[PDB]
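So for the sequence shown, the numbering used here puts the first residue at 3; every next one is plus one. Cβ coordinates follow ideal geometry from the N, Cα and C atoms, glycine included.
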Amino acid sequence: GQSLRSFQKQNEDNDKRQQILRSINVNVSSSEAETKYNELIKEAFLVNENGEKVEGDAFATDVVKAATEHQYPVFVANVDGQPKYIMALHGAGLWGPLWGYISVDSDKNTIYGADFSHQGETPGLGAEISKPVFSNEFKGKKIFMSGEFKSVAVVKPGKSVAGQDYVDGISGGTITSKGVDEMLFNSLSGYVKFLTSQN
């Protein structure tokens with residue numbers, strides 16, 4: 003029959019599929035994730051720091067492993083005939099690693115959706131990054147300001163930054179919130195040449 007490790011892997015893969023799907027505003031259960039993913043995600047490739055496609059299975063490759071080797075996975079969804087570009091995030095929180103996915107519209111700038119995950123952040127505090135009240139704020143924000151890469155800031159609740167898009171962080175979760183801000187900037191930096199590639 004199916005091996006134990008195959009079943010464990012399928013569960014892990016479906017969890018990853020769910021995360022990627024949530025970044026394009028699709029919320030399905032584990033048992034629905036493979037079909038739903040295949041209905042939407044039509045290209046999946048690694049890019050290097052120069053925005054060039056490089057060999058490797060984008061879905062199978064560990065994001066931290068890819069980033070240390072200066073490789074970055076791009077998943078391209080076909081939503082109503084138009085591409086959404088989904089990028090992988092990795093970083094650090096208060097008590098352990100953070101990761102996530104963020105998608106942009108066909109302009110390679112405007113955020114379409116986002117999903118954030120963590121290993122051991124605290125319920126009600128840093129763990130709140132995994133909730134829609136946090137991630138929904140990224141929708142419509144831009145990574146580039148008139149051509150200049152800035153990423154999206156995470157500010158103390160109720161505050162603002164002039165000249166850069168921003169969202170509120172988590173009350174009582176400032177180190178985790180900062181970790182998300184840094185994760186976005188550092189992770190998206192790898193994708194900049196792909197995002198700015200232009201005919």
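7 angstroms CB neighbourhood of residue i in its chain, flanking five on each side removed
| i | result |
| --- | --- |
| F77 | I22, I43, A46, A60 and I88 |
Inter-residue Cα distance where the pair is residue i and residue j
| i | j | result |
| --- | --- | --- |
| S132 | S119 | 6 angstroms |
| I113 | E54 | 22 angstroms |
| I145 | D167 | 8 angstroms |
| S191 | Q4 | 40 angstroms |
| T178 | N50 | 28 angstroms |
| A94 | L186 | 11 angstroms |
| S148 | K161 | 22 angstroms |
| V182 | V156 | 7 angstroms |
| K152 | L91 | 16 angstroms |
| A164 | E150 | 14 angstroms |
Outcome for residue i when other beta-carbon atoms lying within 10 angstroms are tallied against a minimum of 16
| i | result |
| --- | --- |
| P125 | exposed |
| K18 | buried |
| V65 | buried |
| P159 | exposed |
| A62 | exposed |
| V135 | exposed |
Proximity to residue i [Cα-Cα], best of the options
| i | options | result |
| --- | --- | --- |
| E71 | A79, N40 and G58 | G58 |
| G142 | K110, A35 and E34 | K110 |
| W97 | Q84, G128, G83 and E184 | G128 |
| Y74 | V156, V56 and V157 | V56 |
| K67 | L48, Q84, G83 and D82 | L48 |
Cβ-based neighbour list, residue i, same chain, cut-off 8 angstroms, excluding 5 preceding and 5 following
| i | result |
| --- | --- |
| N52 | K195 |
Cβ neighbours of residue i in the same chain (closer than 6 angstroms, five flanking residues each side left out)
| i | result |
| --- | --- |
| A116 | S25, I104, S137 and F140 |
| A79 | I26, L42, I43 and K86 |
| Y193 | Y74 and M89 |
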